[PDB]
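One structure is given here, and the rest of the page talks about it.
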Amino acid sequence: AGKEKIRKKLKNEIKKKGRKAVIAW
């Protein structure tokens, strides 16, 4: 998915942005 990608879910796909997406950055 892409909203709750189980990470956008904000696991870390965008933790917060992974940090600043630093899971993408």
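Lettering and numbering for the structure tokens are positional, with chains as A, B, ... in the shown order, residues counted from 1 in each chain, and ligands counted from 1 in the shown order.
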
Write out as a PyMOL selection string which residues come within 10 Å of residue 24 in chain A when counting only C-alpha atoms, dropping same-chain ones fewer than 3 positions away. chain A and resi 12-14+17-21

Let me see the file: selected residues, N, CA, C and O atoms, as a CSV table (one decimal), in the first residue's frame.
```
chain,number,residue,atom,x,y,z
A,12,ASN,N,8.4,3.4,9.4
A,12,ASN,CA,9.7,4.1,9.1
A,12,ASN,C,9.7,4.4,7.7
A,12,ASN,O,10.7,5.0,7.2
A,13,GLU,N,8.7,4.1,7.0
A,13,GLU,CA,8.7,4.5,5.5
A,13,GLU,C,8.8,6.0,5.6
A,13,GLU,O,9.5,6.6,4.8
A,14,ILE,N,8.2,6.5,6.6
A,14,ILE,CA,8.2,7.9,6.9
A,14,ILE,C,8.0,8.0,8.4
A,14,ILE,O,7.1,8.6,8.9
A,17,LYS,N,9.3,10.4,8.7
A,17,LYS,CA,10.0,10.6,7.5
A,17,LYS,C,11.1,9.7,7.8
A,17,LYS,O,12.3,10.0,7.6
A,18,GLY,N,10.9,8.5,8.4
A,18,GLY,CA,12.1,7.7,8.7
A,18,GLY,C,13.0,8.4,9.6
A,18,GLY,O,14.0,7.9,10.0
A,19,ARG,N,12.7,9.8,9.7
A,19,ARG,CA,13.5,10.7,10.4
A,19,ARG,C,13.3,12.0,9.6
A,19,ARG,O,13.3,13.1,10.2
A,20,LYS,N,13.4,11.8,8.3
A,20,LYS,CA,13.3,12.9,7.3
A,20,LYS,C,13.3,12.2,6.0
A,20,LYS,O,14.0,12.5,5.1
A,21,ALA,N,12.6,11.0,6.2
A,21,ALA,CA,12.5,10.0,5.2
A,21,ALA,C,13.7,9.3,5.3
A,21,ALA,O,13.9,8.4,4.5
```
